[PDB]
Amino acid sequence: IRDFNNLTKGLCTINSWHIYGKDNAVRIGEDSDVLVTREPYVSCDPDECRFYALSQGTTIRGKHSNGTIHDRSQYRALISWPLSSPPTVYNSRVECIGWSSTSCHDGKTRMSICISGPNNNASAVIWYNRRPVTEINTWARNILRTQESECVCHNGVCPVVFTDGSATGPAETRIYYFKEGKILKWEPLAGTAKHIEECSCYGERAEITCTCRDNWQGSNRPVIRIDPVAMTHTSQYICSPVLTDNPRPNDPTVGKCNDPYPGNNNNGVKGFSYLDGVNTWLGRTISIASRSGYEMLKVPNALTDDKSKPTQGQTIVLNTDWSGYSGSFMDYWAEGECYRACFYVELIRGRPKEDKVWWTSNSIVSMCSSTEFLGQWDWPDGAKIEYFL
C-alpha cells in the first residue's frame, strides 16, 4: 500500500526558524536514567519523526559514564526515541550496533547503517525493515565511517556517503546507492572537494545535496550533489567567504569554490547548509576557535558566489553556551507544496571543555523553517554542571 517517496517538491521559502524539538536530556538525566550519547540527529518516517544518536551504553549518572569522551567502543549503538523526549534506558530503540551511523526512510520502510570494529578492521551493516541485509568491509583499513545524520531516498534509491582513510590527509570517500538495503552501485568521490567527512544531506526536486566537513585543510565546507536517478554526483566547496567549519580563521571577503580555504588543519565539526539560490542559509558556530554558539545566516547564492555575504540571520545558541555537531533533515511526508528545511544542533556537555565531570554527553535542539519573520530566542542545553559534582 506504500510507495517509495519521490523528491517532487522544492524547498519552502526560509524567512526564519521556529523551535521544533528539544529534549533537555542533560538536565533531566541529572536525576533519571538517561543514556550518555553523542552524534545525534533527527529523521522522519511517514507517520512519526524521531531523535537518533549514538549511545555510549551507560547512563550519565552511572559510573560507566567515566571515559565517554572516547568515540569508538563496543558499547555504542544507534538508538532512536520519541521526538523531544530524552534518550532513556526505557524508551530508546536500538537500530543497530556500532560507533558511526546513518538512517533514512524510503517511504516504505527504514534503512539504518551502523559501522563497528577496530580501527583497521571495521565493517558496515546495512539494515532494512529492521533486518540486516548487506555488509561492507573496510576498504582503506582506517576507521570506515559515515554521515552521522540522515540519508535521503528517491524512488527507493538512498545514497550514502562513506569515508575510509586518514582524517588528516587524502582519504577514500565513496558514495553507495542502496535500494532495499542492497547495493545498486557505488562510486569514488569525484569533483573538487579534497576531503569529506560527516555529510549532512537533504533532497528536493530529484536531487540530494550534502554539506560535509573537510577535516584536512578546509574551513569552507565541501558540498556533494547527488542525482539519485542517474546515480552520479559532483562536488565542490561552498564558494562564500562566510566560512562555516570550526575551528576556522576569520571571514575573508572572497572564498574558494574548488579548494579548501586554508588557515586551520586537521580539525572540523559536522555542519550543514541549505543551498537554494537566494533562499540559502548556512549554519555555523559563533566562535571561530571552539564549539560554542550557533547561528543561521542567510547568504544568497553561497554555493556559487565567492563574495556572497549575509543578508539576514538568526542566533540559535549564544556564544556563552556549548554547541556541537549540526545536521539537516526534513519531513518529506508533511502536507503542502514544498519541503520545509529543518536542522538540529548537538549541545555537548562535559569533556573536554567541562572537565570537572568525567563524562561527555549532549542534548538536542531542533528548528524548522517558517515563511514568517519570527522573533528569535537562544536555546541552551540548560544543565548546571556543578550539580553533577
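One-based numbering along the sequence shown.
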Review point. Averaging C-alpha B-factors over each stretch, which comes out higher, 20-28 or 372-380?
Key: 372-380
Check your understanding: With respect to the recorded C-alpha B factors, which stretch has the higher mean value, 56-64 or 354-362?
Key -> 354-362
**Study point:** Largest Cα B-factor, entry values, listed residues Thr304, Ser73, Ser100, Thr109
**Key:** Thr304
Study note, to complete from the structure: Entry record, C-alpha B-factors for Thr146, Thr211, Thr168, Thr88; the maximum is at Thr168
**Study point:** Third of the chain, ranked by Cα B-factor, where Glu187 sits
**Key:** highest
Review point. Is the Cα B-factor recorded for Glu198 in the lowest, middle or highest third of its chain?
Key: lowest
Exercise for review: Sort the modelled residues of this chain by their C-alpha B factor and say whether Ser80 lands in the lowest, middle or highest third.
Suggested key: lowest
Point to revise | Record-listed C-alpha B factor of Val36: chain third | key: lowest
Revision key, fill the gap. Of the three thirds of the chain ranked by Cα temperature factor, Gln236 occupies the highest
